[PDB]
């Protein structure tokens, strides 16, 4: 499956993908990756304000993946996440935007020419950074209350949680994204396997 990753932000984004690695994307640049069928536990996310050396080692302000350019694992919150698993049950792809690990940059995650009623574009473009509750603010973004407060109410460790005032901050601004760990019904999208995708940072309206 092809994922076309485009930076439409006026600032530089260091794209990250597991699988895929990572690439510096100046404003307007694209990174195209191809991923094997059956790829699961996958994400794509933006990183802001990275400083890497010639060996590709350093630090990003948001979404840092163990101090390297080409990610071999997940990143540090706050980071807006495109999550997916391909060719799963009934050969369906399942994909979502998640804010459970916070928000750093606005995003569209969409199938190319999508087939099926739930095979459609997902967008989170509200000014979440600007509107972020002060208690949720972090360098470069807005953390989910689970990251900040670390209690069962927000983190759902026991499996018995629900929407909160803080999760609703996210959900009311980006209704199609996961806002807390058990936000499953109104947030998982599906396409037939074989579908290709785009991820756009700072998408136009």
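Positions refer to the first chain, counted from 1.
For the two regions 82-90 and 69-77, the entry's Cα B-factors average higher over 69-77. Averaged over their C-alpha atoms, the temperature factors of 5-13 and 183-191 are higher for 183-191. Of all the options 32, 158, 143, 48, the entry's greatest CA B-factor is assigned to 158. The residue among 177, 136, 40, 36 whose C-alpha carries the highest B-factor in the deposited model is 40. Per-chain ranking of the deposited C-alpha B factor places residue 168 in the middle third.
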